[PDB]
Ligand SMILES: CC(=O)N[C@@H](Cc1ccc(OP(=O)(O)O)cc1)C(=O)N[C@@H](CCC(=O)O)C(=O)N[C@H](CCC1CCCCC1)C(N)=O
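In structure tokens, one chain follows: the form solved without the ligand.
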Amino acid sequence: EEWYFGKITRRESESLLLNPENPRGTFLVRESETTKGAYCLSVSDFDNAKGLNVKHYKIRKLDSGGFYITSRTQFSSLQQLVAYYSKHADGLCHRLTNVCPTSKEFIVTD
């Protein structure tokens, strides 16, 4: 899908996700820079107290037919992960919403 950002560092993802223009729930999926085989979901969040923030999530490889963040909720594929959390937040910070821009420094249409 568009959402797969390959191997940028935590930084380079934080700078993308910290764009004023991103809706809450904007995301990217990245490879696990220097701890590898795994992934990371990166989601922009917002609260009124602390403002724009972004949280990181490890996507574990079940060495198999499988990926998960929590043991309680498991997927066949990364597209199944993303399509689930797009519909239900299930204990993430927020539902998935936009895919992240690329960037420099991107303004969103209507």
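Residue numbers run from 1 along the displayed sequence.
There is another form of this protein, the form deposited with the ligand bound, and it is not shown here; the text below is about that form.
Figure legend: unbound chain with the ligand modelled from its position in the bound PDB entry by local C-alpha superposition. Site open, with zero ligand atoms within 2.4 Å of backbone or C-beta atoms. Contact check for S32: a heavy atom falls within 4.5 Å of the ligand in the bound PDB entry. Of the heavy atoms in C40, some are within 4.5 Å of the ligand in the bound PDB entry. The shortest heavy atom separation between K58 and the ligand in the bound PDB entry is within 4.5 Å.
When the ligand is considered in the bound PDB entry, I69 lines it closely, a heavy atom lying within 4.5 Å.
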